[PDB]
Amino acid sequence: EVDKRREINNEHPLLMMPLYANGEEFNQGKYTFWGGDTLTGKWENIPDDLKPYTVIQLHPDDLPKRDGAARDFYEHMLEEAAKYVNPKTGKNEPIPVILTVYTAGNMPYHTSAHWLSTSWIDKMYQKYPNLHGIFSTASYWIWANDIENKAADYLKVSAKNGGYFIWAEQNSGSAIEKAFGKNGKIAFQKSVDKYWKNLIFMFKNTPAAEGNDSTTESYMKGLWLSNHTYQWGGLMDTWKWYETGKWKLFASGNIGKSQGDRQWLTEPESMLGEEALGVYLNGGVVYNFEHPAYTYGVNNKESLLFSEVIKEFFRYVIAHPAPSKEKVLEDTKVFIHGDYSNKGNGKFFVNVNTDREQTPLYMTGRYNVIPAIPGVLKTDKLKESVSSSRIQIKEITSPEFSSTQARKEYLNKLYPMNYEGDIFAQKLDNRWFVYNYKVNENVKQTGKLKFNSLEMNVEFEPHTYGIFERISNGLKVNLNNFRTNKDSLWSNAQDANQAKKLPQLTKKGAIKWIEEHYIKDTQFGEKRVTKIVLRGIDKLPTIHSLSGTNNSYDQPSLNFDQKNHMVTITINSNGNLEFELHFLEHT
């Protein structure tokens, strides 16, 4: 084993920071990124506490489809990253980089990345110590004849150099199963056997109309737990709103895939945090997002989605490392072996822990994410673990998994019910994680959670998540319901028929919209109410360390009922929010 170029694990998570090459400006002799970020400017503006955990991911986007274009662009940027000088100290501090080397099956009619050989990649790894890995993304829809063979070579060249091969893929058309050798292409399977410690596998939730969210994330988790990948994560993509044909928030009717650039702006900001929780809460540690202009920002500035949701969330997972592989293994009661493609794909979990076929969210944390691996793999390395002796390893073809009812009946006997209410909740140590699981329906949800004898009832509007931690002197609360008003994008359309016929915003139009109406002159959403009720309280709680998104919240209201030893907390907000409540329990 060659020394790893960086650590990626629960204590050292990874936020990938995408920069998409501007192919049009490249033809004009310029080296630039769509959205106006610059390599140096972007890096400098990453907060210093995040710098150790963030890596610039170059993507060749629409660079010309011919030999030399991607190499030329990439070498230019690697040179800039390598020569970076910290202006605060004057020292040369090379910027860590990942190169996107494979995408869209590397078809010469799809991507300039086709003309990046393994020899060139080896050469860059040897020249640039700051090149930490290479990235393959989104070939599920164009599964090239040699994709597994190429993947094997990418992992091996990364291992050779101590870097990481990162592959983001969704289980559309059995992609994850094929990658590990389902259809007899076994080169990557053999590669993984030798080099799994340099592999990161992520979901890519883009193709949302196919509903493979739950099954792909299950695989990513199970691959990790069974030592087929070093760590896992997900790429969470606001393009899901386009794929599923949604338009104005909560509006009725479906417009299909007809208004791409309005659509990828519309996903509520806080909902990305809800998606990211499914990674964190299940031991995943790698995070990436599209569309980059909305999810990260433009012109070296943070978008509000980034500043108020993603940055906060990522800081959270650094401060509170995700459950270790050992811990997840200890908590795992069922591990599935077999192919979800032969059991309805995403339908497998519908009305088990997901509320519909097309959603990136869960409706209960009761089973958290049930881990699985494709039928083609073996559970040998899983069973070798000191931490796996209490796991039921089951074939997906078992009668326990044959229908929706059978799955719930079997899982319920092994995963006890641990809260009440129709709402998402999952518990980790002294922390309750809660979210409203509605995607595009304006319906409040409620739940009742317990910290031993202390009862906490919550009421949440859609696109709201909370983390509630029982601390020695009370309760720490982190809340996030940040959702700006996107209606202006859908103005002039009173129904789906008219919405579908709006003039295209276009890629350039959307980037301009972000600059003019999101980075500034933002149409913030209305403050909305969250209720928290605590029962079993001695005296009126006191509030401490209250902060949140600037100008986004009213002072929380506490109403203590002495006779019933209970407090009703009413919050009116739209943003991120944090405080502590200090109290003693009534005994």
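Numbering starts at 1 and runs along the sequence shown.
Asks: Per the entry, where is the mean C-alpha temperature factor higher: 383 to 391 or 369 to 377?
Replies: Here the higher of the two C-alpha B-factor means belongs to 383 to 391.
Asks: On average, are the C-alpha B-factors higher in 211 to 219 or in 348 to 356?
Replies: The recorded data point to 348 to 356.
Asks: Determine which member of 304, 439, 151, 417 has the highest CA B-factor, using the values in the deposited entry.
Replies: Of 304, 439, 151, 417, 417 has the highest C-alpha B-factor.
Asks: Pick out which of 535, 66, 531, 59 has the highest C-alpha B-factor in the PDB entry.
Replies: Comparing C-alpha B-factors across 535, 66, 531, 59, the maximum falls on 535.
Asks: Looking at the temperature factor on the CA atom of residue 482, which third of the chain's modelled residues does it land in?
Replies: Ranked within chain, residue 482 CA B lands in the lowest tercile.
Asks: Mind checking which third residue 113 falls in for C-alpha B-factor across the chain?
Replies: According to the entry, residue 113 has a C-alpha B-factor in the chain's lowest third.
Asks: Quick one: classify residue 101 as lowest, middle or highest third of the chain based on its Cα B-factor.
Replies: Within its chain, residue 101 is a lowest-third residue by C-alpha B-factor, going by the deposited values.
Asks: Consider only the C-alpha atoms of the modelled residues in this chain, order them by B-factor as the entry records it, and name the third containing residue 233: lowest, middle or highest.
Replies: Lowest third of the chain for residue 233's C-alpha B-factor.
Asks: Per the entry's values, where does residue 70 land by CA temperature factor relative to the rest of its chain, in the lowest, middle or highest third?
Replies: Within its chain, residue 70 is a lowest-third residue by C-alpha B-factor, going by the deposited values.
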